[PDB]
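Just so you know, the sequences run in chain order D and F. If you count by PDB author numbering, then the first sequence holds residues -1 to 1014, 1023 to 1090, 1097 to 1282, one letter each, in order. Counting in PDB author numbering, the second sequence runs from 441 upward without gaps. Beta carbons: idealized from backbone N, C-alpha and C, even for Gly.
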Amino acid sequence: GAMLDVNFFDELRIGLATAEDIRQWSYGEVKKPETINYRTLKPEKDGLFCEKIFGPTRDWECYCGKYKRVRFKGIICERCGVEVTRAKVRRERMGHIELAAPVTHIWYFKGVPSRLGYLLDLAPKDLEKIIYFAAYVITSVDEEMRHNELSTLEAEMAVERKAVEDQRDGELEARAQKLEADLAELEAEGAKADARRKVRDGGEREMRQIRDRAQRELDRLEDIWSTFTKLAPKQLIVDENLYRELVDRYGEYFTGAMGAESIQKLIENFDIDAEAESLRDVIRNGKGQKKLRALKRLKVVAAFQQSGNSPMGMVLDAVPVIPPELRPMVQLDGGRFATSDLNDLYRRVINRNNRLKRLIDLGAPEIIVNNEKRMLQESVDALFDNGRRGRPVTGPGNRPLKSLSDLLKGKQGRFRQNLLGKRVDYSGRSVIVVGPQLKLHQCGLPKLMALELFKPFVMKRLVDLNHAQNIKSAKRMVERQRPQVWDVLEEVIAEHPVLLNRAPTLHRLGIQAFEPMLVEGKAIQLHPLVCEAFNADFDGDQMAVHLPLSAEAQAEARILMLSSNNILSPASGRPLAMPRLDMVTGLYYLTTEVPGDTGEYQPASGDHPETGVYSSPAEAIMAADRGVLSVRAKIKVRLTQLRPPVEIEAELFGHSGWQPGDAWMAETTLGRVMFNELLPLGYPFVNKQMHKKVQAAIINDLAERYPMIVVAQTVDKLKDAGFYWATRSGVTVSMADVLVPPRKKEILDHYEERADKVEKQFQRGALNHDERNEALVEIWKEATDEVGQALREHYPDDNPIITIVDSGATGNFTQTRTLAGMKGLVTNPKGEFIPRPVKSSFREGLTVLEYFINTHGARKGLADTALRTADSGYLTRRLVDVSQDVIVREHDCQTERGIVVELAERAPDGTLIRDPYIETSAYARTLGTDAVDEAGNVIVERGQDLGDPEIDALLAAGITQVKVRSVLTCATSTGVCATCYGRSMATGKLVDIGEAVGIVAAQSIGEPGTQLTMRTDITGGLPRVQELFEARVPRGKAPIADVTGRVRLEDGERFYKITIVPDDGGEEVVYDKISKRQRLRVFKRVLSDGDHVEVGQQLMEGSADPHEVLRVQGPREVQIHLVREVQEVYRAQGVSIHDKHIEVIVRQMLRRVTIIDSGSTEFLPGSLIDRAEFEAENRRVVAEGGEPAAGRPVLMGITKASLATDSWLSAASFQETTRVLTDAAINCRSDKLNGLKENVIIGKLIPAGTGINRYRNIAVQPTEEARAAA
Amino acid sequence: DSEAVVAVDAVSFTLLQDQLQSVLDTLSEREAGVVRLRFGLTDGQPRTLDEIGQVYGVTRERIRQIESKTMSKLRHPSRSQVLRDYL
DNA sequence: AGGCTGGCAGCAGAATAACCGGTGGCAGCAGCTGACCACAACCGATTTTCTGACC
DNA sequence: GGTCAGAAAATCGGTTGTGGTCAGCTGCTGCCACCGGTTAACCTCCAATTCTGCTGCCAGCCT
Ligand SMILES: [Mg+2]
Ligand SMILES: [Zn+2]
Ligand SMILES: [Zn+2]
């Protein structure tokens, strides 16, 4: 493969580098540990920085100085040696170090599982002892010479042991003669009876230890003969003395060694084909631990066997050296130097290697030479990965040095710090303020930032307008800010969008493209309707401004990413540029109606007519400008330019009232007329009260019936009138607008009596320490609810606080209850409720103890909100990494499969009640089969979008189930199709054929973090979502049934036990150790003994594990279960996600199958392969001879399914960088760059959006008649 | 990185070479060739006085007189303003 | 009589102090140059074109 | 009341002439910077949690 790195790529293949590749990459051998001369600062000869090896430092200027031009190019200076070329070849040329003894790679020995240990079948503790010089190893042994010398050497051994026994009986006879001499010299000495015999007992004890020593040496000789007779390769020999004795007695018949040289010899004497045949024989025949061990060995043995790799690359003879511009020595301001910590590791390797060469060529004993080799091995290991085996090598101040592998791992590595997220030019920050006179496609840009961003454009333009003569004087004029530059800057800033981005960017609407305009100031004036999408307050938050340069980038920022093209949210489809809180208070005040206000229509007669009617809204506005008519009083105008509602239109004009002209009478207020003049001309008259849900429904209906430019202009008009009537609304907070209820003392006394009675009963002793806590908690919860109800019925309907709450602007009622009323109960650092409670409201003022109690829950909430955003960011990262390869590739898979949808289940009395979760389950997805009603015709044909009129028609015709088309059944090969995806929620049309629906789904799921509170052992917040997507076994693991039948309940000690009696007379299934706290499941009735259960009924309360429901009820019912359990976490906090954003993630878990029977085709049991690869192999293999490999479905989480991908470049940048690279190297894996993250790293066009071949190869030319007419 | 390409000196150098090529091309051919070979604007190799005299077939005093006259002609402001702003 | 199956237990890893000799570099500088500007003059036609007399 | 040799202008260019002038080594000479070898009373062993997978280990039916 080429290495010039021009942009013609197809692959990126990683392998295992051999020594003949390393000394073919290198440009020369670095052989001195010198970097730079201390006085003249020039790179030393044959050092780590040598110009002869790594190229010259000065552009086309050699070292000694003999050749100094571009005329001399590629010539070698015959005195000094440097070639003359550029100085950027010092980042592209490597050197190598010639080791005097081989050294093993640390990656293939230490990281579990140890690949050297699996290849050679050596334990890791018996491999570290070899390669770190602690135990010998028999590399080879003779057989037939051993066979006949067994007889000859056992004859010699018997002779030697017989001579040992001869000296032993010499000892026996000598001690006998010594004891007889003691008998002669102690048989006639008058002494004690035992003192004359204790000397003989001491002599016999000396004989006893002589024969003990004889037993010791005979056991030593026996052990030596035993370990010769049981000698084999790959056998460790500890006790250097014993190995030495074997060497000097039996120097023939075997060879032994110690270290990486011995490991290299064992790898050379190794037959991969015979080893693989033995391993496959074991996995075909045996069972258990031996079969599991043989599978785990067969992984790496088959990896080394299938390719053209060799195992000999795991030991090294030549380390390579990274080029000297990637480990620079940079002189600071004032002679301080800075090196990059790799020069110390390379210097230690070079020093120890030179010392080893000196010791070997000198001639030194084995202790010194082996210590030197062990030191060299430890140096190379610390170079490749520091802190892997033993203590990390420290620098000054006791910090660990940064080795080669630490440039790659973690958040500080290359893959995450420089390849995926970079600093950019043409960018800047400021602090945002509110810009409520701007249009929706505009942003204010301060002039001092805009000048610095648009400096090259303004330099070109003020050279072309002859304000300057050239670029240098133009740049001087711009940097001195002479006053022509503003008149140029306005004309170069006209119609040129910029992107505004606010960190963190949780979802895709966090980057939007406005059209700038200049603003005298230093703050970026933002529109007040995009703060919900940006999630921006104005407490000092900051926003970043980028700038698109090329024509494609400006077209993208003008069409795809413009601010007034993204009204609807891509998650649920609700509008995000809807007016919020302040325009909502304004429009609610404008459209509410007050009974009995000024100028109200009254039909009182007998003397005078009605005097409430008006002839036009112009006359009504004149009367309201006088002091006669209030805006919110009921009148009878005569409208002529506002379209009537459908009933009045069909009554008066019937069909075709051409509403520019016709006249009709409306009994509304004047505020509703002024509101309906903002809506478009064809929109019918609303005549309601603008609660925020009513405004959301109006804007959603507008976005589904009218163009997006009309929706944007309507939203701006609503903003203007909302602010103007919010000012005149009289919304202020004072201390007299916060009224306290007048019965709070009576309610608190009535519950204080019951609390005192419960505490008195606890002092009596009729209930323990926890029952009184539960009773007090229940009493004060009832008291809190009663105080809140009294407050709600006491407050008038036109209070400022209750108007703010009731209009949907901000807040809820519990904040009003704690502001006036009762704070209630409070939590603990543990989480339980302190049963005091807090009986004072913040208007009355908390006391000292109540304030100190409240601070616990407040600070715990602050710390939890600090943690939860990092947790949600991690979840979004893993979801993006799993679902990055789901893009839309076709228009029709053309399948006939599809899921069923619940669609408004039946009522018991008999009618059709609408299911509540129908806007996130049935809307916006294409029908799969036709809808046929109770032996009738078609209501909705196959292929329709199934929107609101279709759903209304189906529910009117009275059907309940439809077969809708979903991405879990999309039958295309790579990526989902487009009719299976349904409509895009952000546009309202069908989804396009380049959309990145996986990234949209991942950001839509992971963005409503930080509003998933846990509670106040089943998890119920954010960690419930993480343990569903990771497909873990839950905490409250409630078992499920395995077969239909009758439950035989058994009650053991302190807990339960359930055994299900099958109806079909099958085997009884037993669940034993189900603990006390798991209460029994209740359906319809509690699960009693003798009850009847189905095949997949959950038996207890808790959470069934998703592996078990897959094993029992097939792959469909684990897709029902995962979607249902995720959506009940989001619905509890009032968050809407469509179900097609969860089915994209769920379809990416069940892609793979597990192999149970190999059959005849290369699939080891227990491995996980893709199902599209599995079925394509089975059709090829059972043709011409049927041997089908059998497979079962499997369910894997979102961390296993993104590390077991097909690309080693997308997998290494995710997680476990050292482990992913170290076995992609063994398999010689090739990446095809088909991904969406591999293309970001290497810097080419992503294959999604405007980077696919359908759209990138558009040929644009003028037409025939307009070419001629110009 | 205090020794990198400053991204405006490169484009300024390109415009300087363009302007110098223009002003050298608005002269006589022999004088322009003499100036180019004298200051090494052809291929980066400056040529000697006798080398220019050898390849143009005149004497070295004639060559240096032509060079002095051409240097005066370029130093004249009428040709020299548009390069005077560059330095 | 031990063995190989089973949990059980325990652990790695990832994410959030002098001498002496010698030898080559080196910088400083008179001292051959030797090519080179360099003014500076001095002529070698060269062409025009009056200037001067010729009959 | 007109034609032909001489005189007098820059002009393009060769000579030339020497008058320094600057460098290009060139010894060369002192020196200075750097590398290598040598020293003979004695005294001989170191300074946080969570999850997943792997391996070591001990009772214990089975032969
Ligand atoms: Mg803020
Ligand atoms: Zn050189
Ligand atoms: Zn499909």
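ask   = Alpha carbon to alpha carbon, what distance is there between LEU446/D and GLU518/D?
value = Going by the C-alpha atoms only, they are around 9 Å apart.
query = DSSP three-state call for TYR921/D: helix, strand or coil?
reply = coil
task = Check the Cβ of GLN485/F against every Cβ in chain D and list those closer than 8 Å, keeping chain order.
result = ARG67, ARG69
request  = Give a single yes or no on whether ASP3/D has its beta carbon closer than 6 Å to a heavy atom of ligand 1.
outcome  = no
message = Considering just the uninterrupted stretch of the alpha helix (DSSP H) at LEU487/D, what are its terminal residues?
response = Annotation: the continuous alpha helix (DSSP H) that includes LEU487/D extends over 483 to 491.
request  = Any chance you could list the alpha helix (DSSP H) runs of at least 4 consecutive residues sitting entirely within the segment 1153 to 1187 of chain D, in chain order?
outcome  = 1155 to 1158
ask   = Under 7 Å between C-beta atoms, does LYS43/D make it to chain F?
value = By this cut-off, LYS43/D is not an interface position.
Contact test: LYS66/D Cβ vs ligand 2 heavy atom, cutoff 6 Å = no
request  = Note down, in chain order, every chain F residue with its Cβ under 8 Å from the Cβ of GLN1145/D.
outcome  = From the beta-carbon of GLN1145/D, no residue of chain F is found nearer than 8 Å; the closest lies around 50 Å away.
inquiry  = At a CB distance below 8 Å, what residues from the segment 446 to 468 of chain D approach chain F? Give them in sequence order.
reply    = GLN467, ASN468
request  = Give, in chain order, every residue of the segment 3 to 36 of chain D whose Cβ lies closer than 9 Å to some Cβ of chain F.
outcome  = none
Chain F contact for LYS470/D (CB, 7 Å cutoff) = yes
request  = Mind listing which residues have their beta carbon within less than 5 Å of any non-hydrogen atom of ligand 3? Chain order is fine.
outcome  = Environment of ligand 3, chain-ordered: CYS891/D, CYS968/D, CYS975/D, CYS978/D, taking every residue with Cβ within less than 5 Å of a heavy atom.
Residue nearest to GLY597/D in terms of C-alpha spacing, selected from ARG572/D, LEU574/D, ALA575/D, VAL629/D = With distances taken between Cα atoms, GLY597/D lies closest to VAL629/D.
request  = From the DSSP output, in three-state form, read off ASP1243/D for me.
outcome  = strand
inquiry  = Pull the bridge partners of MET576/D from the DSSP assignment, please.
reply    = In DSSP, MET576/D forms no bridge with anything.
inquiry  = Given this structure, state the Cα-to-Cα distance separating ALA788/D from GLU842/D, to the nearest angstrom.
reply    = 17 Å
key: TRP58/D - DSSP class collapsed to helix/strand/coil   = coil
ask   = If we cut at 7 Å on Cβ distances, does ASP449/F have a partner in chain D?
value = no
ask   = Taking just the CA atoms, how far does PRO514/D sit from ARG875/D?
value = 32 Å
query = Do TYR599/D and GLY584/D have their C-beta atoms within less than 7 Å of each other?
reply = no
query = For ligand 1, which residues count as neighbours when the test is a C-beta closer than 5 Å to any heavy atom?
reply = The set, ordered by position in the chain, is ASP535/D, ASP537/D, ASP539/D.
request  = Assign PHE512/D to one of three DSSP states: helix, strand, or coil.
outcome  = Here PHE512/D sits in strand by DSSP.
key: Closest by C-alpha distance to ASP883/D, when choosing among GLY1026/D, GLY728/D, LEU1248/D, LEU438/D   = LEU1248/D
request  = Have a look at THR466/F and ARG476/F and give me their C-alpha separation to the nearest angstrom.
outcome  = 13 Å
ask   = To the nearest angstrom, how far is it from the Cα of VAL446/F to the Cα of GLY361/D?
value = 58 Å
task = Could you tell me the boundaries of the alpha helix (DSSP H) in which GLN207/D lies?
result = 193 to 227
inquiry  = Beta-carbon within less than 6 Å of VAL101/D's beta-carbon, same chain only, minus the 5 sequence neighbours each way: which residues are those?
reply    = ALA258, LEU314, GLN375, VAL378
message = Using only CA atoms, which one of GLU1140/D, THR918/D, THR909/D lies nearest to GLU900/D?
response = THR918/D
task = Please confirm if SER508/F has its CB atom under 7 Å from at least one CB of chain D.
result = no
Option in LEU443/D, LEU438/D, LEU1028/D with minimal Cα separation from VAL496/D = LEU443/D
ask   = When DSSP labels each residue in this structure, what does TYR134/D get in the three-state scheme?
value = strand
inquiry  = Under DSSP, the beta strand (DSSP E) around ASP423/D begins and ends at which residues?
reply    = No beta strand (DSSP E) holds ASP423/D; DSSP gives it neither H nor E.
query = Nearest-angstrom Cα distance between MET672/D and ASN685/D?
reply = Spanning the two alpha carbons is a distance of roughly 11 Å.
query = Among all the DSSP beta bridges, which residues are the ones paired with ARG11/D?
reply = According to DSSP, which records beta bridges pairwise, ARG11/D is partnered with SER1242/D.
Contact set between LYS473/D and chain F, taken where Cβ atoms lie within less than 7 Å = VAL448
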